[PDB]
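> Model the following, please.
(4 chains, ligands or ions: 6)
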Amino acid sequence: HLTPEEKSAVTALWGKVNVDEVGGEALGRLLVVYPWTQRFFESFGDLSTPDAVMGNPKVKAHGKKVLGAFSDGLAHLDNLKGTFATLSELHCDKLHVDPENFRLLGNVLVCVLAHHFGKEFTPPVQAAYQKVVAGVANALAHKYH
Amino acid sequence: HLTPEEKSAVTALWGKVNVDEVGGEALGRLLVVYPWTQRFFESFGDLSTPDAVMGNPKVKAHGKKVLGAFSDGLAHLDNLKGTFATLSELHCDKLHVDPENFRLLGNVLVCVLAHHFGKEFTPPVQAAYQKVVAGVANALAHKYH
Amino acid sequence: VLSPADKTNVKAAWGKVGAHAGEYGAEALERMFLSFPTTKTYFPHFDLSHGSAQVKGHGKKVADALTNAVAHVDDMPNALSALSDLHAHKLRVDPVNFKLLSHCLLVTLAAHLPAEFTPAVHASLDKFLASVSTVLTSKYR
Amino acid sequence: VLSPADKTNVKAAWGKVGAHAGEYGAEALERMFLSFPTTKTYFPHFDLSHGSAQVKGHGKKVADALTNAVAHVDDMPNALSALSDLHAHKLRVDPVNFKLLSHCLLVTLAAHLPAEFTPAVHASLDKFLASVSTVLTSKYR
Ligand code: HEM
Ligand code: HEM
Ligand code: HEM
Ligand code: HEM
Ligand SMILES: CC(C)(Oc1ccc(NC(=O)Nc2cc(Cl)cc(Cl)c2)cc1)C(=O)O
Ligand SMILES: CC(C)(Oc1ccc(NC(=O)Nc2cc(Cl)cc(Cl)c2)cc1)C(=O)O
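Numbers count the residues shown, from 1 in each chain, chains lettered A, B, ... in the order given. Ligands and ions are numbered 1, 2, ... in the order given. Next comes the structure:
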């Protein structure tokens, strides 16, 4: 449950997000900063160095897909559970992804937005995004069993 | 999200609990196993050793009070947030208790039930009590601001 | 972080485990999968049903690694070096899961060793599992 | 452990921070209080509003500890010893909170270091803050 003014800080900032670029950037950083997360991307080609990870086209491609789904979710901030239920089931039953990874990606994304937007990524804007990324991860965790 | 069988499992075991003994035991072990939780209990006298902490009547007294309220909340497993709202406000606004302390005490309580009940604290009984201690911790954290 | 008194406490308590090691390991893992279902994401290859031979065998490997850790409590990084590598480079289990299994090992010991699980032994075992956990995640990055 | 590359990465990042360390300390605390309200429970005595001199003063102390940590990166336990006593035995901040402030320090650095906050540097800094955190809680029990 985000407050109205937190909804509109989220909305305003996202209007400027190149979803493809940021997605590629955040997934790449995940895999660099928390390298055990590479366990899910065995088929992805070269992940041996930061530069290889960041320029990997499959990392970039998948990063666009992930953040695209995140993006869609920002239109349904009042029902993150219902919105992500099917991807939640997919991530549990087919992909076997420990939902803790959603939390780590949440925090990398926050760092990317801060790095990319600089001083515009104010402490109130950050706070609103923290609530978003916890909500998303929670919603993606929700159908695990 | 407790199942109907999980609730009656929880209720069944709790009917066997001496709240005041189990409370003093769990709060005592909290202060022993995680000594930083002692920060709230400067007024309580002797906490110098495990035996002194376990023996301290103020520790026991506070234990009785917390687990009493915990106990009373097991009558409202479908409204832990509601039941615990005003105490949440109190622990945030006046007591300044970091909700992490609720999680630590929750897992201490699980250790104590396991010790106290042995064999009877089966893996499915534990799973039901974990949902309980999660729910109560979340509920007591809910009005923090 | 492990004091001499912790080391005495752990050896005492875990010495009592003895020949139950296998069994207690299996029980901890089952407690873990039922209490914390996300942990199962690390075992989609296993029959995780109650009594499965895969879980009993794994239980025994975990218990024996713990016995090894206890028998070399002074030099845990070294004694667990291979296991460290395996979890860092291949298994790659998120570090939060070690807390979940540690807590389940603690519950198991509690339900099985009522004379030994005093508050001080409880604190010692918790520190011990946290220390083995830190060792097993030492080389993650 | 912090690699030679991490040590190099940390020093160059903190190097560019330079005289703004204090300011950034204060910003990171503000970010933490707003992002993670439970952290406020450690500060019922402070006015936590934006611009608060108590937050600015505390932020400057936090940043100077980090500057000190960077300058003794091979010897952090000792450099931080007084601070690890103070957190273990007086302040008694739950260890979960160090992860919150680390994240918020990382965010503040990201927001001020457009050239320097590369993926590798971001990786080294997180390691370095985890490490400071570990040292700071190493005397808790
Ligand atoms: C922000 C939260 C996340 C969202 C919204 C998300 C969304 C998605 C989407 C939309 C797909 C493609 C579905 C399809 O194949 O039909 C996908 C696949 C996948 N995701 Fe997630 N994801 C998230 C986080 C993560 C994280 C953190 C990881 C692991 C570190 C992960 C691991 C995977 C894997 C392994 C696949 C399959 C890739 C392949 O086809 O090889 N996801 N995700
Ligand atoms: C199971 C979770 C808990 C419940 C249900 C609970 C419940 C209560 C209740 C009913 C009171 C009485 C307040 C009053 O008289 O108005 C109280 C007070 C208090 N609680 Fe909590 N508590 C819990 C956990 C904790 C934890 C883990 C701590 C810290 C380690 C803590 C610290 C305190 C303190 C310092 C007081 C004031 C005591 C006094 O004035 O003597 N509580 N709690
Ligand atoms: C107390 C801490 C732990 C200890 C001492 C430990 C020890 C071990 C040992 C001895 C093995 C077998 C290695 C071999 O065959 O050579 C193993 C494998 C494995 N562990 Fe860890 N482990 C711990 C924590 C965890 C955690 C928390 C998880 C995830 C929830 C995990 C997941 C796995 C998996 C998936 C394997 C491979 C199992 C197989 O397919 O046979 N471990 N561990
Ligand atoms: C990067 C990790 C941290 C560092 C380097 C750090 C460093 C410091 C320093 C240098 C001081 C001043 C000590 C003195 O006056 O001699 C301090 C005090 C304090 N810290 Fe920590 N700290 C950290 C994390 C935390 C966290 C996570 C919290 C809780 C959210 C916390 C709560 C406090 C409090 C309440 C004080 C006393 C403030 C006052 O009343 O003046 N600290 N810390
Ligand atoms: C073994 C190793 C490398 O594991 C890890 C190190 C760091 C992290 N990151 C975090 O948890 N971030 C994090 C950030 C926030 Cl805002 C909240 C919380 Cl609750 C956690 C995860 C695992 C270690 O501990 O050094
Ligand atoms: C510095 C010191 C002493 O701090 C601590 C050590 C251990 C713990 N215990 C836990 O986290 N248990 C725990 C149990 C469960 Cl079910 C889930 C989770 Cl998420 C955590 C807390 C703090 C250390 O890290 O050794």
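
> With chain A as the reference, measure out to residue C:40.
8 Å (Cβ to the nearest Cβ, to the nearest Å). In short, each C-beta sits where N, CA and C put it, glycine included.

> OK, contacts around that residue?
Each residue near residue C:40 by Cβ atoms under 8 Å, 6 or more residues apart in numbering or on different chains is listed here: C:33, C:48.

> what about it, which SS state?
helix (DSSP: H, G, I helix; E, B strand; the rest coil).

> Would you confirm that residue A:107 contacts residue D:103?
Yes. In terms of Cβ atoms under 8 Å, residue A:107 counts as a neighbour of residue D:103; the distance is 5.8 Å.

> residue ranges of the helices in chain A, please?
Per DSSP state H, chain A carries helices over the ranges A:4-14, A:19-33, A:50-55, A:57-73, A:80-89, A:100-117, A:123-141.

> Take those helices and write them to a markdown table, including mean neighbour count and distance to ligand 1.
Below are the helices of chain A laid out as a markdown table (neighbours: other Cβ atoms under 10 Å in any protein chain shown; distance: least, Cβ to the nearest ligand atom, whole Å):
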| stretch | mean neighbour count | distance to ligand 1 |
| --- | --- | --- |
| helix A:4-14 | 15 | 14 |
| helix A:19-33 | 23 | 6 |
| helix A:50-55 | 17 | 13 |
| helix A:57-73 | 18 | 4 |
| helix A:80-89 | 17 | 5 |
| helix A:100-117 | 23 | 4 |
| helix A:123-141 | 21 | 5 |
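
> Can I get those in TSV including distance to residue B:133?
Converted to TSV, those look like this (distance: least, Cβ to Cβ, whole Å):
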stretch	distance to residue B:133
helix A:4-14	30
helix A:19-33	31
helix A:50-55	39
helix A:57-73	30
helix A:80-89	22
helix A:100-117	19
helix A:123-141	18
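
> how about those helices, which one is nearest residue C:1?
Set against residue C:1 and scored by Cβ to Cβ, these come closest in helix A:100-117, at 24.2 Å.

> Packing partners of that closest one?
On a contact count with 3 or more Cβ pairs under 8 Å, 6 or more residues apart in numbering or on different chains; DSSP states H and E, helix A:100-117 meets helix A:19-33, helix A:57-73, helix A:123-141, helix D:96-112.

> With residue B:28 as the reference, name the closest of the ones you listed.
Per Cβ to Cβ, nearest to residue B:28 of these: helix D:96-112, 22.0 Å.

> anything in the helix or strand following that closest one near ligand 5?
Note on helix D:96-112: by DSSP states H and E, the next helix or strand toward the C-terminus is helix D:119-136. Yes. For helix D:119-136, a contact with ligand 5 is found by Cβ under 6 Å from any ligand atom, at residue D:130.

> Please list the residues of chain C that sit near chain A.
C:37-39, C:41-42, C:44, C:88, C:91-94, C:96-97, C:140-141 (Cβ under 8 Å from any Cβ of the partner chain).

> Out of those, who's the most crowded?
Most neighbours among those, by other Cβ atoms under 10 Å in any protein chain shown: residue C:94, with 23 neighbours.

> wait, what's in contact with it?
A:36, A:98, A:100, A:101.

> Nearest spatial neighbour of residue 6, chain-adjacent residues omitted?
The chain I'm using is chain A. residue A:128 (3.8 Å; Cβ to Cβ, 6 or more residues apart in numbering or on different chains).

> I was after chain C.
Residue C:6 sits nearest to residue C:124 (Cβ to Cβ, 6+ apart), 4.3 Å away.

> Quickly note the distance from the one you found to ligand 1.
Here residue C:124 is placed at a distance of 35 Å from ligand 1 (Cβ to the nearest ligand atom, to the nearest Å).

> residues near that residue, how many?
When neighbours are counted by other Cβ under 10 Å, residue C:124 comes out with 24.

> Surely it and residue C:11 touch.
No. Contact between residue C:124 and residue C:11 fails when scored by Cβ under 8 Å: they sit 9.8 Å apart.

> list the contacts for the closest residue to residue C:43 other than its chain neighbours?
Spatially, and ignoring its direct neighbours in sequence, residue C:43 is nearest to residue C:33 (7.4 Å; Cβ to Cβ, 6+ apart). Taking Cβ under 8 Å, 6+ apart, we find residue C:33 in contact with C:39, C:40, C:43, C:48.

> ok, now residue A:46?
When contacts are counted by Cβ under 8 Å, 6+ apart, residue A:46 touches A:52, A:53, A:56.

> Nearest to residue B:112 among those residues?
Among the contacts of residue A:46, and counting by Cβ to Cβ, the member closest to residue B:112 is residue A:53, at 46.1 Å.

> The closest one and chain C: what is the separation?
13 Å.

> which parts of chain A sit against chain D?
So chain A meets chain D at A:28-29, A:32-33, A:50, A:53-54, A:107, A:110-112, A:114-115, A:117-119, A:121, A:123-124, A:126-127, A:130 (Cβ under 8 Å from any Cβ).

> mind listing what the residue in chain A that chain B sits nearest to touches?
Proximity of chain A to chain B (Cβ to the nearest Cβ) peaks at residue A:142, 9.6 Å away. Contacts for residue A:142 were tallied using Cβ under 8 Å, 6+ apart; they are A:81, A:84, A:85, A:88.

> tell me the contacts of residue A:70?
A:23, A:109, A:136.

> I'd like these laid out as CSV, including distance to residue C:74.
Formatted as CSV, the contacts of residue A:70 follow (distance: Cβ to Cβ, whole Å):
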residue, distance to residue C:74
A:23, 48
A:109, 43
A:136, 45
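
> Dump those into CSV; add distance to ligand 6 as well.
Formatted as CSV, the contacts of residue A:70 follow (distance: Cβ to the nearest ligand atom, whole Å):
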residue, distance to ligand 6
A:23, 28
A:109, 22
A:136, 19
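
> just to revisit the earlier point, check contacts around the residue nearest to residue C:6.
Per Cβ under 8 Å, 6+ apart, neighbours of residue C:124: C:5, C:6, C:9, C:10, C:13.

> How many residues are close by the third one?
A total of 22 residues lie near residue C:9 under the criterion other Cβ under 10 Å.

> With adjacent residues omitted, what lies nearest to it?
Per Cβ to Cβ, 6+ apart, closest to residue C:9 is residue C:124, 3.6 Å.

> Same check on the first one?
In space, and not counting its chain neighbours, residue C:5 is closest to residue C:124: 7.2 Å by Cβ to Cβ, 6+ apart.
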